[PDB]
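Right, one structure below, let's go through it.
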Amino acid sequence: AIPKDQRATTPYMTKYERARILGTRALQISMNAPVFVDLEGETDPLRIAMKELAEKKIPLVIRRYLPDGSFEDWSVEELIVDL
Amino acid sequence: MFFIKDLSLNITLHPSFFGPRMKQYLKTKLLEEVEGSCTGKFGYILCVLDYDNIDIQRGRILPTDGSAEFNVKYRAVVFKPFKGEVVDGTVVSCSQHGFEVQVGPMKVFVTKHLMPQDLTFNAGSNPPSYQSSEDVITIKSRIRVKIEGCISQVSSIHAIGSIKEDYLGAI
Amino acid sequence: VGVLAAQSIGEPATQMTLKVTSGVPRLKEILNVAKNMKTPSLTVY
Amino acid sequence: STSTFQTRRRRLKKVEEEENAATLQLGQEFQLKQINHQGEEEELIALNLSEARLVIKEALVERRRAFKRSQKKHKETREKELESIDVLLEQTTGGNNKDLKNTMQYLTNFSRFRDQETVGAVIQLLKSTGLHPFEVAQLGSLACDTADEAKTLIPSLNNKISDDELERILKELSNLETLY
Amino acid sequence: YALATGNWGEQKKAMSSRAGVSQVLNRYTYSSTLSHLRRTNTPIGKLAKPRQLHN
Amino acid sequence: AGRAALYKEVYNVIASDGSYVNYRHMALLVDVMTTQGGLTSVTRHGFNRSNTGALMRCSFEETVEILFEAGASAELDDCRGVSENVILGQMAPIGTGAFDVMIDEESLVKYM
Amino acid sequence: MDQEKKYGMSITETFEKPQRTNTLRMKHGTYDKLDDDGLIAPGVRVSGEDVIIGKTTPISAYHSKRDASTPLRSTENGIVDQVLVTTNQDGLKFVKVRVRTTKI
Amino acid sequence: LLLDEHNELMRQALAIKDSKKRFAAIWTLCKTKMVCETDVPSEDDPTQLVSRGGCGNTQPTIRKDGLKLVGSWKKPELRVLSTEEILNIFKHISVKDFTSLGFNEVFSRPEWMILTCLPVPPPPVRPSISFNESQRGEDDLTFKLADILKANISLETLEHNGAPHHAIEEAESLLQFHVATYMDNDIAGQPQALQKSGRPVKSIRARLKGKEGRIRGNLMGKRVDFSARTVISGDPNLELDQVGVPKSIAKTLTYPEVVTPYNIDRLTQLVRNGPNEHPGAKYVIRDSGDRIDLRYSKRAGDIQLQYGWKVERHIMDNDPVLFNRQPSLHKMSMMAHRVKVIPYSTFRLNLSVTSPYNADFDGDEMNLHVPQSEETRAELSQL
Amino acid sequence: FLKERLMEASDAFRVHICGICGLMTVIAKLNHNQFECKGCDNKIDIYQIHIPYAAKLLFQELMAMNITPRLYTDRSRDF
DNA sequence: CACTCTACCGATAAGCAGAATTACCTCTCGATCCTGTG
RNA sequence: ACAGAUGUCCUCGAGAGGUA
DNA sequence: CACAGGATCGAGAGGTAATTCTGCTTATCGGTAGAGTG
Ligand SMILES: [Mg+2]
Ligand SMILES: [Zn+2]
Ligand SMILES: [Zn+2]
């Protein structure tokens, strides 16, 4: 089940979430995949991932599972990155 | 006899096609894969209707690699040989083993101990055919076949038919 | 949190040094829940 | 590839039932009241041979107008039916799809009904009874003359004993099929 | 066999016999050999009392 | 009261030498050991005698006895524990594994 | 240390330089440093997994013998200084080779 | 069952959700009862008697003696219960009886507890060792299985040709002992099966139990590749997040890199350098899966790296690696550093880093692990 | 990282599991594209999984011990 | 009102079973006879 | 008509001596 | 001139010290209310 938009988790991005998105984006850019930012002279996939995450231009969705089994989807752009 | 179902197929899209047209890519992949597939559980997927209607969901990215798996929800016409019914077919081949009756996209085989003793193999006529009293079946003829085969669904399905009892002829 | 707590408790035990029982034997008897400890005690106010 | 969730101990039911026989006894996956994609509790369709031809033709012309308008934006009797079917199939589906030609030929040369009003009449007539859609599909697909012939060719029809209304709607189907 | 394997006894019942009675002489320096030739062992088969230095 | 006394004893043991340990760890330990109505010793007869997964329990001690009991009974391993995932060689649902990552079409068509 | 074992009566290993044709399952190390007797003369620098003792044993067409040589240790190298050849108690061949190296 | 729902304590015991606790309660309550009942008073009107359908025969006192059960019948007869009669009794147990006892109707029935068909493990489970030259040996499992087969054949022949009942008993005892030792060679109060040499037979229970068994020594913890170990040393000129990797270790270890734009020139240069120089590659994995060895092939060829290929290049500077010391008491005992290639064969680390590692430079050795994927590298770098 | 070190870096094995059995007694013919379970007569419900070789050995030994470690790729909570 | 064993649980006292930090390096041995045979 | 050789890693359970 | 397959070890005993703290099971006693009377 999905909790509509009456979600109650945290509006910020955890360290584990940041690591997971950074790794997934780094792998995707390392393979032949489109990049939605201006490389601007960067050639390391991880740094490209951080550059994409700088202005929240990563089309990834976080699915936070409740212990019961329900889950709510959080977009990357709507997650505050303070860490 | 044909059935309309709500089957589902999982496609693992590569990140190389993670653009704005990945939806249409999945659409064409579904067309080129599901059509002509002789799935044992279901049968033949003749065609998929409502192309501009089938919906995709959020694709889950596998932990191992960046490829994403999509669980599409399509509906299509499915043909299953099934078991325990009569059906009309048209012959396409004949030999001493039997006649290859064809029903739709099928080729049901009839063995020696299936048809009654009122059929003998001969090649006197132009088409090699089983000829006897009041039975005339040829390469192209009408025949009603009752299916009693075990199908044996292993990546493909089959059928075995019978000619015993009346009404199972040309008519 | 469980693994962190386990490690944070076990590290001082390994770093623990050498009449009320205290130190490694006392920690072992607390963890094992011994029915008869060597040095029982009471405090009355 | 599945459409129904696991229930009634699917893991180790062993031989729950023998495969479908003549006397109905449907399979585990082809049972009545299938699970609908959006919701639930969707009954099995009542699709006959003539209805299948019309449905596939309608899907073909819908897809035809679809990709015809897409590319535009980017930029007798049996004999006549066969040519039209061939020219429609030549570019609509694409790929190989060899089996599509054989089933289309079978539908065209065995079309009991060739009019939308005819199939509408036949399924409005068949909806009166509570028979299994499998039985009505075979009844409307294969023409029959006698009641015993229908019973033998299409088993699991023993619930009808009167055979008066059965003769009536058999004659109705016969005249509808001859009105093609 | 007893002098080589170090198990004091016949080939059978070796698991029930003492082990380590015979050892290869340590020849790396003169002091090591001298210390090895004047070594004793206490078969114990957990207890700190037997390991302490007595008066 | 027993849990409070156990926490006090653990704190006294830890602080005897002079080392400092955060209260959260000791509190978690005493809450885990007293989750039921009595003490649950960290031994074979304590925490290893619960309704957890058979593989996780067998990984600690008495491997074949636990497996024999599970086979004799009807034990279903729902398998979200870390030990079961380690045995099966799958990504455990801990740390970065507590969530799944999905790709949305609208963001793709909006970013590009 | 290397020794010759007398399997049965006539199936006895021999110290000789093996070849890629007659022998089977040879080691990856080189064999040129060996001699006719299968033992390397003292004073020859060796390194890596070079073969120092060449021994072969019969299996029981051609290919009537298989290689059983003992190569040098991969992580060690040096120069052979003394090679000892003698006979064991029964009367077969007994070969010992020593390698000397300096460790700065 | 000896007791039924008529007894109140039986009802309380049956009203237990946990299978183990319910079984223990049932056993404790039914142990006292020692005679079957044909009639039991009802809950209401205790004078009235309601039949329960029992047989009425007295129960035996089951006692374990080695690998056999002896039953004392008191009205005392001392008969040895056979496996056949026990299996027959188990097969007559109703579904509800063992459902309430704790067994499963389909997954684990009580009558399946008696071994009537013994599967044989495949050769992969019990492989044959190489032994020495011109010598072949078999695992203890193979010898035990052969012994079991010989005992079964002997029992079958002895039953077929006609023999005294004592011979049948000794043959069945031998077969049971062999099967038990096949599944457990550490049975207390019984002799331990020896091998031909004299060693105890390594039963599969021993292989599945212990620190070195195939639970903790092969599943909980195993051996991995892309690892190095050498003596550590101090280096005040190295930064906090930096480790001095020797040139030989860096050359030996490799990290696969996907052939893609933005690094194609660098990958081609590394391939051209070869596996001998430190900056270079050892293998070139193709898209199909075939592996090209740059060492053996060489030829100084201008190999064209197509997109999507994998190149196993040597670990270079600023490459995150895992740096661990045993014992690993806390999470700070293993942390991720940055690779800095140094011209000497010893690990070099900052002095302030030794304190969490609890390591000195008197001979300590510490392990190094190299990630083999992008997500693992990112996780190690960010966590 | 833990999963990679446990499986990719040490040992990775691919096996086929019967959808009805839950065990690994499935004969796979990749060249012939045939997957039949003789125990249940199953040919359209075969899945492939990636498990370490140590897990395979443990499961085979357990099966030799007359214990069935049936493996399933779905949750029974939906009943 | 206690006369004699009958049915109940509460203590006590001996027998089993497990299990004992992690990682690493080197050497050194043993993997079978004899009464019964042509 | 036809048809004479090769595929890379083997120990395994133990015992003893040591290093952090 | 010569080879082969199944099992240690035996009445007799005992080839034998270095560990304990649980928990489970099986003997043992130590109690306490009744089936009807003079
Ligand atoms: Mg030190
Ligand atoms: Zn009874
Ligand atoms: Zn199966």
Side-chain angles (χ1 to χ4, degrees), chain C residues 10 13-14 28-29 32-36, chain E residues 1 3-7 9-26 28 32 36 39 41-47 49-51, chain F residues 41 43-46 48-49 60-63 65, chain G residues 1 20-21 24-28 61-63 66 73, chain H residues 24 27-28 31-32 61 63-64 127-133 135-140 147 150 186-189 191 194-195 197-202 206 209-212 221 223 227 229-232 324-329 333 357-367:
Chain C
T14 314
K28 173 175 64 170
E29 92 176 9
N32 287 10
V33 188
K35 338 198 82 63
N36 35 39
Chain E
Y1 168 81
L3 272 188
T5 36
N7 306 316
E10 49 267 345
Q11 194 130 4
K12 85 150 181 143
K13 311 197 115 171
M15 317 75 144
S16 64
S17 64
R18 265 159 326 159
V21 183
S22 152
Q23 298 176 7
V24 199
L25 185 58
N26 192 351
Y28 197 86
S32 69
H36 203 178
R39 197 163 298 168
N41 192 290
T42 312
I44 212 70
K46 226 278 181 180
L47 309 106
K49 190 42 40 52
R51 311 164 168 259
Chain F
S41 70
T43 51
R44 338 196 298 278
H45 327 105
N48 217 32
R49 286 227 216 279
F60 175 51
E61 272 165 344
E62 310 161 32
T63 287
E65 296 55 3
Chain G
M1 203 258 312
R20 298 287 157 120
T21 83
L24 155 81
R25 214 145 146 91
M26 305 249 288
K27 258 80 176 173
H28 265 294
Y62 326 117
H63 278 95
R66 57 129 74 191
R73 284 167 125 90
Chain H
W27 175 74
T28 47
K31 185 159 52 63
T32 50
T61 304
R63 151 161 289 81
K64 177 185 173 344
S128 58
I129 41 59
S130 95
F131 219 103
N132 58 69
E133 213 288 294
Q135 235 279 355
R136 188 52 69 243
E138 313 305 309
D139 205 311
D140 302 2
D147 177 11
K150 279 149 56 177
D186 277 70
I187 317 175
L194 305 317
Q195 198 33 291
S197 306
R199 277 193 343 300
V201 167
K202 177 88 147 314
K209 177 205 61 177
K211 185 189 336 205
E212 322 71 353
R223 324 192 66 80
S227 47
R229 167 181 185 105
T230 192
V231 176
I232 59 171
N324 158 61
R325 179 177 189 276
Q326 287 108 337
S328 311
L329 295 203
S333 182
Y357 278 143
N358 199 16
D360 36 4
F361 311 131
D362 53 353
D364 289 31
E365 317 198 328
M366 273 183 9
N367 303 153

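Just so it is clear: chains get the letters A, B, ... in the order the sequence lines come, proteins before strands, and each one is counted from 1. The basis for the numbers below is simple: all heavy atoms, side chains too, and nothing from hydrogens, waters or symmetry mates.
- Among residues two or more places apart in sequence or in another chain, the side chain to side chain donor-acceptor pair (under 3.5 Å) test is passed with H:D147 by H:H178.
- Residues meeting the salt bridge (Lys or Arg N to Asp or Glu O under 4.0 Å) test with F:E62, sequence neighbours left out: F:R44.
- Screening residues 13-25 of chain E for side chain to side chain donor-acceptor pair (under 3.5 Å) gives E:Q23-E:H36 as the qualifying pairs, with residues at least two apart or on separate chains.
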Please produce a list of atom pairs where a protein N or O lies less than 3.5 Å from an N or O of nucleotides 20-27 of chain L.
from, atom 1, to, atom 2, distance (Å)
L:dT22, OP2, C:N36, OD1, 3.0
L:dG23, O5', F:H45, ND1, 3.4
L:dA27, OP2, H:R63, NH2, 2.8

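- H:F131 pairs by the ring pair (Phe, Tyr, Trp, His ring centres under 6.0 Å) definition with nothing, not counting sequence neighbours.
- Listed by chain and residue number, nothing satisfies the side chain to side chain donor-acceptor pair (under 3.5 Å) test with F:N48 (two or more places apart in sequence, or in another chain).
- Scored by the side-chain contact (heavy atoms from CB on, under 4.5 Å) test, G:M26 finds G:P18, G:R20, G:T23, G:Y31, G:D67 as partners (sequence neighbours excluded).
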At a cut-off of 3.5 Å, list every protein nitrogen or oxygen paired with a nitrogen or oxygen from nucleotides 5-14 of chain J, distance to 0.1 Å.
none

Identify each atom pair where a protein N or O and an N or O of nucleotides 17-20 of chain K are less than 3.5 Å apart, giving names and distance.
from, atom 1, to, atom 2, distance (Å)
K:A20, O3', H:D364, OD1, 2.9
K:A20, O3', H:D364, OD2, 3.1
K:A20, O2', H:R325, NH2, 3.4
K:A20, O2', H:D364, OD1, 3.3
K:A20, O2', H:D364, OD2, 3.3

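- Applying the side-chain contact (heavy atoms from CB on, under 4.5 Å) rule to H:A359 yields the partners H:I232, H:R325, H:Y357, H:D364, H:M366; only residues at least two apart in sequence or on another chain are considered.
- The side chain to side chain donor-acceptor pair (under 3.5 Å) check on H:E138 picks up nothing, with sequence neighbours excluded.
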Quick one: the dot-bracket string of DNA chain L, using Watson-Crick and G-U wobble pairs with both distances under 3.5 Å, [ ] for crossing pairs and | for bases paired to another strand. |||||||...........||||||||||||||||||||
